[PDB]
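**Q** Can you read through this structure? Questions will come right after.
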Amino acid sequence: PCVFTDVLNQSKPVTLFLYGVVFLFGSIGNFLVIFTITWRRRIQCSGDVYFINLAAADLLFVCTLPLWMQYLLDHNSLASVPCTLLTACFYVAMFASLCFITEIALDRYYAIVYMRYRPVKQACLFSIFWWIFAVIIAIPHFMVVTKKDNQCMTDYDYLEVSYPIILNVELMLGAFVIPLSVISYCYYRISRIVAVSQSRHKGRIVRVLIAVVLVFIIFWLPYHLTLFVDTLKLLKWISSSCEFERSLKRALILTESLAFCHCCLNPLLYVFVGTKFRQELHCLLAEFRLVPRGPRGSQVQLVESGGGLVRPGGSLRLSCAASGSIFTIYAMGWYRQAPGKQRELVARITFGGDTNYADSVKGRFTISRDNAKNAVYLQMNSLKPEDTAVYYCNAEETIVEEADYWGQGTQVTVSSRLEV
C-alpha cells in the first residue's frame with residue numbers, strides 16, 4: 001500500500017482559501033460580463049455571443065466551488081448522486097469554456113484574415129452546437145467518477161489501467177494541445193497583419209492577443225505537464241516510489257487549483273480589456289455604486305460624401321470609406337448633430353449584416369455595407385426638415401473595441417428657401 005493521509009490534510013487549508021478567492025472574483029467578474037452585454041443594451045456582434053457563452057461556462061464552473069468547499073470540510077457529506085452530478089457540471093463547464101475560447105479566435109480569425117463575418121443569428125446557432133460538443137466529449141470524464149467512496153474521484157479499482165491513460169491522452173490533447181495550437185496560430189496570423197495595418201490601435205491589439213496566450217500557458221501548462229509525468233508512471237516508463245506518488249499528488253493539487261484561476265481571468269482577457277466594455281460597465285456601475293464620469297489623425301481617415309441641399313421628400317445617398325489599409329474594423333455607422341441638439345445615432349450596420357436604425361428614421365433610411373472596401377452607405381429616402389443636421393461617419397474596431405474613427409462630417413439641409 002501507500003498512505004496519503006497527511007498530504008491531503010496539509011494542502012486542504014491552502015486549497016480552501018484559493019477556492020474562496022476563485023469563487024469570489026470569478027463569480028463577480030463573470031456576472032458583470034453577462035450583465036454588461038444584456039442590461040440597457042443588446043447583443044451587437046458575433047463576439048458578444050461567444051463572450052456571454054464563455055462567461056456562462058465560467059459561472060457554471062464557479063458555482064461548483066462552494067460545493068467543492070463543503071466537500072473538503074466534510075468528506076462524507078457528498079453522496080454518490082450529487083458527486084457524479086457535480087462532476088458533470090465541472091467537465092461540461094470546463095470543455096465549453098475551452099470550446100468557446102477556441103471559437104473566439106476562429107470567429108476573429110475568419111473575420112480578420114479572410115474577411116468573412118458571422119451574424120448574431122448564426123453565432124447563436126454555433127454556440128448551441130459547441131455546448132452539445134462539450135457534453136458529448138465530457139461523458140467519459142464523469143461516468144467513471146461516480147464513486148461515493150471515501151474519496152469521490154476516478155477510483156480505477158475496476159476498468160483496465162490503460163483506461164485512465166486514454167482518458168488523459170484525450171484530456172491532454174483535447175483540453176490543452178488542440179486549444180493552445182489553434183489560438184496561437186490564429187492570433188499569430190492576426191497579429192502579423194495588424195502590426196502592419198494602418199490601425200491606430202495596432203500596438204495594443206497585439207499586446208492583448210499576446211496576453212491571452214501567456215495567461216493560457218502559465219495557468220494550464222503546469223497542470224498538463226504534471227498529468228504528463230503521471231501518465232508516464234502509468235506507462236511504467238519511469239519508476240515511482242510511495243513518496244514519489246505523494247509528491248505527485250501534492251503537485252497535482254496545487255497546479256490544479258492554479259488552473260481554476262483561469263476562469264477568473266477570462267473577463268480580463270476578452271471583455272473588460274476593451275474600452276467600449278469599460279465605458280459600458282462604468283455607466284452601469286454609475287447608476288448604482290460609482291461616480292458618473294464627466295493620435296487624432298495621420299492614419300486611417302473616413303472619407304464622407306453625399307451631402308447637400310434637397311427639398312422635403314427628396315433623396316440622398318451618403319458614402320463613407322476608410323482611407324487606409326485596416327483589417328480590424330467590424331462595424332460602421334452614421335451619427336448626426338442638429339444645431340442646439342446632441343449627437344445621436346441614426347443607422348449602424350455590422351459586417352455580419354445585423355442592422356440597427358433609430359426610431360425617427362426607421363422605415364425611411366436604409367444602411368448598407370461593403371466589407372472588402374470597409375465602406376458603408378446610407379440611403380435617405382423621403383427626407384424631412386427635421387433631418388437637417390451634420391451627419392458624421394463612425395467606424396468600430398474589433399478586439400480592442402474602440403470607436404474613435406470619425407469623419408469630417410457632411411451637411412444635410414432640407415428646410416430651406418424655395419420659390420414656386
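If you're wondering about the labels, chains in the C-alpha cells are A, B, ... by order shown, residues count from 1 in each chain, ligands from 1 in order shown.
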Could you give me the residues within segment 52-264 of chain A that DSSP places in helix (DSSP H, G or I), as a ChimeraX atom specification?

**A** /A:52-62,65-73,80-112,120-136,139-142,163-194,202-234,242-260,262-264

**Q** Let me see the file: selected residues, C-alpha atoms, as a short mmCIF file (atom, residue, chain, number, x, y, z; two decimals), in the first residue's frame.

**A**
```cif
data_model
loop_
_atom_site.label_atom_id
_atom_site.label_comp_id
_atom_site.auth_asym_id
_atom_site.auth_seq_id
_atom_site.Cartn_x
_atom_site.Cartn_y
_atom_site.Cartn_z
CA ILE A 52 -21.65 35.52 -22.94
CA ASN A 53 -21.28 31.79 -23.59
CA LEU A 54 -17.73 31.87 -22.20
CA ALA A 55 -18.98 33.74 -19.14
CA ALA A 56 -21.83 31.24 -18.80
CA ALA A 57 -19.36 28.35 -18.85
CA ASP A 58 -17.31 30.07 -16.15
CA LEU A 59 -20.35 30.74 -13.95
CA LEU A 60 -21.42 27.08 -14.08
CA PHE A 61 -17.84 26.24 -13.09
CA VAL A 62 -17.54 28.73 -10.22
CA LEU A 65 -16.72 25.73 -5.89
CA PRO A 66 -18.89 26.26 -2.76
CA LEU A 67 -19.96 22.64 -3.17
CA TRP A 68 -16.33 21.55 -3.52
CA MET A 69 -15.58 23.65 -0.42
CA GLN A 70 -18.26 21.80 1.56
CA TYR A 71 -16.63 18.57 0.35
CA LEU A 72 -13.21 19.32 1.86
CA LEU A 73 -14.82 20.48 5.12
CA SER A 80 -22.91 9.43 -4.98
CA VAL A 81 -25.75 11.02 -6.96
CA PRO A 82 -24.53 14.57 -6.22
CA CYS A 83 -20.87 13.78 -6.87
CA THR A 84 -21.49 12.34 -10.34
CA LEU A 85 -23.84 15.26 -11.00
CA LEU A 86 -21.48 17.87 -9.56
CA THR A 87 -18.61 16.37 -11.55
CA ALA A 88 -20.80 16.52 -14.68
CA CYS A 89 -21.21 20.29 -14.37
CA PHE A 90 -17.45 20.52 -13.76
CA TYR A 91 -16.33 18.96 -17.04
CA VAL A 92 -19.19 20.33 -19.15
CA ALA A 93 -18.36 23.85 -17.98
CA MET A 94 -14.64 23.19 -18.50
CA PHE A 95 -14.91 21.87 -22.06
CA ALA A 96 -17.39 24.57 -23.09
CA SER A 97 -15.05 27.21 -21.67
CA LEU A 98 -12.29 25.71 -23.83
CA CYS A 99 -14.65 25.31 -26.79
CA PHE A 100 -15.70 28.95 -26.75
CA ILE A 101 -12.16 30.20 -26.08
CA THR A 102 -11.19 28.46 -29.32
CA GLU A 103 -14.28 29.90 -31.03
CA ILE A 104 -13.19 33.42 -30.02
CA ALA A 105 -10.03 33.07 -32.11
CA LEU A 106 -11.72 31.33 -35.05
CA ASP A 107 -14.54 33.87 -35.40
CA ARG A 108 -11.90 36.59 -35.19
CA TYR A 109 -9.69 34.51 -37.48
CA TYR A 110 -12.24 34.26 -40.30
CA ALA A 111 -13.21 37.90 -39.74
CA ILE A 112 -9.70 39.39 -39.83
CA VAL A 120 -25.64 37.05 -34.47
CA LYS A 121 -28.27 34.52 -35.57
CA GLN A 122 -25.57 32.21 -36.93
CA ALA A 123 -23.32 32.74 -33.90
CA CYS A 124 -26.10 31.68 -31.52
CA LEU A 125 -26.68 28.50 -33.53
CA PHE A 126 -22.99 27.57 -33.40
CA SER A 127 -22.99 28.25 -29.65
CA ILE A 128 -25.69 25.60 -29.17
CA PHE A 129 -23.55 23.18 -31.17
CA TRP A 130 -20.50 23.89 -29.02
CA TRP A 131 -22.42 23.11 -25.82
CA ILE A 132 -23.54 19.82 -27.39
CA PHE A 133 -19.96 19.06 -28.43
CA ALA A 134 -18.74 19.87 -24.91
CA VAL A 135 -21.25 17.45 -23.38
CA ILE A 136 -20.53 14.52 -25.71
CA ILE A 139 -19.15 11.71 -20.97
CA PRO A 140 -16.05 9.53 -20.35
CA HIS A 141 -14.80 12.10 -17.81
CA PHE A 142 -17.57 11.85 -15.19
CA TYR A 163 -8.43 3.41 -19.37
CA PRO A 164 -7.07 6.34 -17.28
CA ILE A 165 -4.31 6.70 -19.88
CA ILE A 166 -6.69 7.01 -22.84
CA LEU A 167 -8.70 9.48 -20.77
CA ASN A 168 -5.58 11.52 -20.00
CA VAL A 169 -4.43 11.50 -23.64
CA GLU A 170 -7.92 12.62 -24.68
CA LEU A 171 -7.74 15.20 -21.88
CA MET A 172 -4.20 16.37 -22.69
CA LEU A 173 -4.75 16.95 -26.41
CA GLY A 174 -8.43 17.93 -26.23
CA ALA A 175 -8.08 20.48 -23.42
CA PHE A 176 -4.55 21.81 -23.96
CA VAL A 177 -2.72 20.76 -27.14
CA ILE A 178 -5.52 21.43 -29.64
CA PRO A 179 -6.77 24.66 -27.97
CA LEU A 180 -3.29 26.14 -27.47
CA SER A 181 -2.29 25.26 -31.04
CA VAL A 182 -5.33 26.95 -32.59
CA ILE A 183 -5.29 30.16 -30.54
CA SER A 184 -1.52 30.50 -31.04
CA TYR A 185 -1.80 30.06 -34.81
CA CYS A 186 -4.92 32.23 -35.09
CA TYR A 187 -3.60 35.13 -33.02
CA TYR A 188 -0.19 34.87 -34.70
CA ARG A 189 -1.78 35.18 -38.15
CA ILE A 190 -3.87 38.08 -36.85
CA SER A 191 -1.01 39.83 -35.04
CA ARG A 192 1.28 39.77 -38.09
CA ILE A 193 -1.48 41.52 -40.09
CA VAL A 194 -2.48 44.13 -37.51
CA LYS A 202 -2.42 48.16 -33.75
CA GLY A 203 0.04 48.31 -30.86
CA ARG A 204 -2.46 47.39 -28.17
CA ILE A 205 -4.20 44.76 -30.33
CA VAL A 206 -1.12 42.53 -30.45
CA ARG A 207 -0.41 43.09 -26.75
CA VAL A 208 -3.97 41.96 -26.00
CA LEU A 209 -3.60 38.76 -28.04
CA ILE A 210 -0.18 38.08 -26.51
CA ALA A 211 -1.66 38.40 -23.01
CA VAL A 212 -4.30 35.81 -23.94
CA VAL A 213 -1.69 33.20 -24.87
CA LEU A 214 0.70 33.82 -21.96
CA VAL A 215 -2.03 33.62 -19.32
CA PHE A 216 -3.34 30.47 -21.00
CA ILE A 217 0.10 28.83 -20.86
CA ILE A 218 1.21 29.86 -17.36
CA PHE A 219 -2.10 28.63 -15.90
CA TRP A 220 -2.80 25.42 -17.85
CA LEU A 221 0.65 24.09 -18.78
CA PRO A 222 1.68 23.29 -15.15
CA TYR A 223 -1.39 21.05 -14.79
CA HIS A 224 -0.94 19.19 -18.09
CA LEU A 225 2.81 18.88 -17.54
CA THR A 226 2.02 17.17 -14.22
CA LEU A 227 -0.55 14.90 -15.89
CA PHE A 228 2.16 14.01 -18.41
CA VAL A 229 4.51 12.58 -15.77
CA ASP A 230 1.54 10.88 -14.08
CA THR A 231 0.79 9.15 -17.39
CA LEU A 232 4.50 8.26 -17.55
CA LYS A 233 4.08 6.48 -14.22
CA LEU A 234 1.09 4.51 -15.52
CA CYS A 242 5.44 5.59 -2.41
CA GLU A 243 6.99 9.00 -1.70
CA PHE A 244 7.09 9.90 -5.41
CA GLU A 245 3.34 9.36 -5.77
CA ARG A 246 2.83 11.58 -2.72
CA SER A 247 4.93 14.37 -4.24
CA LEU A 248 3.00 13.92 -7.49
CA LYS A 249 -0.33 14.12 -5.63
CA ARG A 250 0.65 17.38 -3.91
CA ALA A 251 1.83 18.83 -7.23
CA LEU A 252 -1.48 17.76 -8.79
CA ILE A 253 -3.45 19.55 -6.06
CA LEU A 254 -1.63 22.89 -6.24
CA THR A 255 -1.33 23.15 -10.03
CA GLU A 256 -4.98 22.14 -10.47
CA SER A 257 -6.14 24.99 -8.23
CA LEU A 258 -3.88 27.20 -10.35
CA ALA A 259 -5.89 26.24 -13.44
CA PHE A 260 -9.07 27.23 -11.58
CA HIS A 262 -8.05 30.95 -15.32
CA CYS A 263 -11.84 31.28 -15.14
CA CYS A 264 -11.32 34.46 -13.10
#
```

**Q** Taking the chain letters and numbering used in this document, name the residues of segment 229-367 of chain A that DSSP puts in strand (DSSP E), as a compact mmCIF listing (two decimals) with N, CA and C atoms, in the first residue's frame.

**A**
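Okay, this is what ended up in result.txt:
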```txt
# COMPACT_ATOMS: atom_id res chain seq x y z
N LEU A 302 -11.87 58.68 -42.46
CA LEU A 302 -13.18 58.34 -43.02
C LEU A 302 -13.58 59.40 -44.03
N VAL A 303 -13.59 59.02 -45.31
CA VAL A 303 -14.00 59.93 -46.38
C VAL A 303 -15.52 59.92 -46.46
N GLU A 304 -16.13 61.09 -46.28
CA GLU A 304 -17.58 61.23 -46.36
C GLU A 304 -17.96 61.98 -47.63
N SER A 305 -19.11 61.62 -48.20
CA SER A 305 -19.58 62.24 -49.43
C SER A 305 -21.05 61.92 -49.63
N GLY A 308 -25.67 67.71 -49.13
CA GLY A 308 -26.15 68.79 -49.97
C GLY A 308 -27.51 69.26 -49.50
N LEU A 309 -28.15 70.05 -50.36
CA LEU A 309 -29.48 70.60 -50.10
C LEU A 309 -30.50 69.89 -50.98
N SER A 315 -34.20 62.84 -51.93
CA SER A 315 -33.42 61.64 -51.64
C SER A 315 -31.94 61.98 -51.69
N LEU A 316 -31.17 61.33 -50.82
CA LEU A 316 -29.72 61.48 -50.77
C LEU A 316 -29.08 60.14 -50.48
N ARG A 317 -27.81 60.00 -50.89
CA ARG A 317 -27.02 58.81 -50.59
C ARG A 317 -25.69 59.26 -49.99
N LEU A 318 -25.49 58.97 -48.71
CA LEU A 318 -24.23 59.24 -48.03
C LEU A 318 -23.27 58.08 -48.23
N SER A 319 -21.99 58.40 -48.34
CA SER A 319 -20.96 57.40 -48.59
C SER A 319 -19.79 57.63 -47.65
N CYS A 320 -19.22 56.53 -47.15
CA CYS A 320 -18.11 56.59 -46.21
C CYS A 320 -17.21 55.39 -46.44
N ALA A 321 -15.90 55.61 -46.37
CA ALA A 321 -14.93 54.53 -46.56
C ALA A 321 -13.64 54.88 -45.83
N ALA A 322 -12.82 53.86 -45.61
CA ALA A 322 -11.56 54.02 -44.89
C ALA A 322 -10.43 54.33 -45.86
N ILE A 329 -11.62 46.52 -38.53
CA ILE A 329 -12.93 47.15 -38.42
C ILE A 329 -14.00 46.09 -38.65
N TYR A 330 -14.96 46.00 -37.72
CA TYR A 330 -16.05 45.05 -37.83
C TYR A 330 -17.42 45.69 -37.97
N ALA A 331 -17.53 47.01 -37.80
CA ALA A 331 -18.83 47.66 -37.88
C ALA A 331 -18.63 49.15 -38.11
N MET A 332 -19.58 49.76 -38.81
CA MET A 332 -19.60 51.20 -39.02
C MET A 332 -21.03 51.70 -38.88
N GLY A 333 -21.17 53.01 -38.67
CA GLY A 333 -22.49 53.60 -38.53
C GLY A 333 -22.46 55.07 -38.86
N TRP A 334 -23.64 55.68 -38.80
CA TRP A 334 -23.81 57.10 -39.07
C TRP A 334 -24.39 57.80 -37.85
N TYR A 335 -23.89 59.00 -37.57
CA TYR A 335 -24.38 59.83 -36.48
C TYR A 335 -24.62 61.23 -37.02
N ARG A 336 -25.51 61.97 -36.35
CA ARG A 336 -25.84 63.32 -36.77
C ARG A 336 -25.97 64.22 -35.55
N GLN A 337 -25.90 65.53 -35.79
CA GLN A 337 -25.99 66.51 -34.71
C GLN A 337 -26.65 67.77 -35.26
N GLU A 344 -26.52 62.00 -32.07
CA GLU A 344 -27.42 60.86 -31.99
C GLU A 344 -27.13 59.87 -33.10
N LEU A 345 -27.38 58.59 -32.81
CA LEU A 345 -27.21 57.53 -33.80
C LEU A 345 -28.43 57.45 -34.70
N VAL A 346 -28.20 57.20 -35.99
CA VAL A 346 -29.30 57.14 -36.95
C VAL A 346 -29.32 55.79 -37.68
N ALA A 347 -28.14 55.21 -37.89
CA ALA A 347 -28.05 53.94 -38.61
C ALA A 347 -26.69 53.31 -38.35
N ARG A 348 -26.70 52.06 -37.90
CA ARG A 348 -25.48 51.31 -37.63
C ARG A 348 -25.63 49.92 -38.22
N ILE A 349 -24.60 49.47 -38.95
CA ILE A 349 -24.59 48.14 -39.54
C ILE A 349 -23.25 47.48 -39.26
N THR A 350 -23.28 46.22 -38.86
CA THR A 350 -22.07 45.43 -38.66
C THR A 350 -21.73 44.67 -39.93
N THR A 355 -28.39 45.00 -38.64
CA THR A 355 -28.60 46.44 -38.76
C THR A 355 -29.38 46.96 -37.56
N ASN A 356 -29.22 48.26 -37.31
CA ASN A 356 -29.89 48.93 -36.20
C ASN A 356 -30.17 50.37 -36.61
N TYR A 357 -31.45 50.74 -36.62
CA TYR A 357 -31.87 52.07 -37.03
C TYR A 357 -32.46 52.83 -35.85
N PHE A 365 -34.85 55.45 -43.96
CA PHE A 365 -33.44 55.32 -44.31
C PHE A 365 -33.04 53.84 -44.34
N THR A 366 -32.07 53.52 -45.19
CA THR A 366 -31.60 52.15 -45.36
C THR A 366 -30.08 52.16 -45.42
N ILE A 367 -29.44 51.43 -44.51
CA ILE A 367 -27.99 51.40 -44.40
C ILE A 367 -27.46 50.11 -45.02
```

**Q** Please provide the set of residues having any atom within 10 Å of residue 298 of chain A, restricted to only C-alpha atoms, with same-chain residues fewer than 2 positions apart removed, written as a list in words.

**A**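 The residues that qualify are residues 198, 200, 295, 296, 300, 301 and 324 of chain A.
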
**Q** Name the closest residue to residue 378 of chain A among the candidates A:75, A:41, A:235, A:391; distances are taken between atoms, counting only C-alpha atoms.

**A**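 Once distances to residue 378 of chain A are computed over only C-alpha atoms, the minimum belongs to A:391.
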
**Q** Using only C-alpha atoms, can you tell me which of A:238, A:369, A:294, A:34 comes closest to residue 282 of chain A?

**A**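 For residue 282 of chain A, the nearest of the given residues is A:294.
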
**Q** Go through A:151, A:360, A:413, A:398 and flag the residue nearest residue 4 of chain A, using only C-alpha atoms for the distances.

**A**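 Residue with the minimum atom-to-atom distance to residue 4 of chain A: A:151.
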
**Q** Between atom CA of residue 399 of chain A and atom CA of residue 50 of chain A, what is the distance, to one decimal in Å?

**A** 12.7 Å

**Q** Excluding same-chain residues fewer than 3 positions from residue 371 of chain A, what lies within 7 Å of it counting only C-alpha atoms, as a ChimeraX atom specification?

**A** /A:351,374-375

**Q** Smallest atom-to-atom distance to residue 118 of chain A: which of A:306, A:353, A:13, A:20, using only C-alpha atoms?

**A** A:353
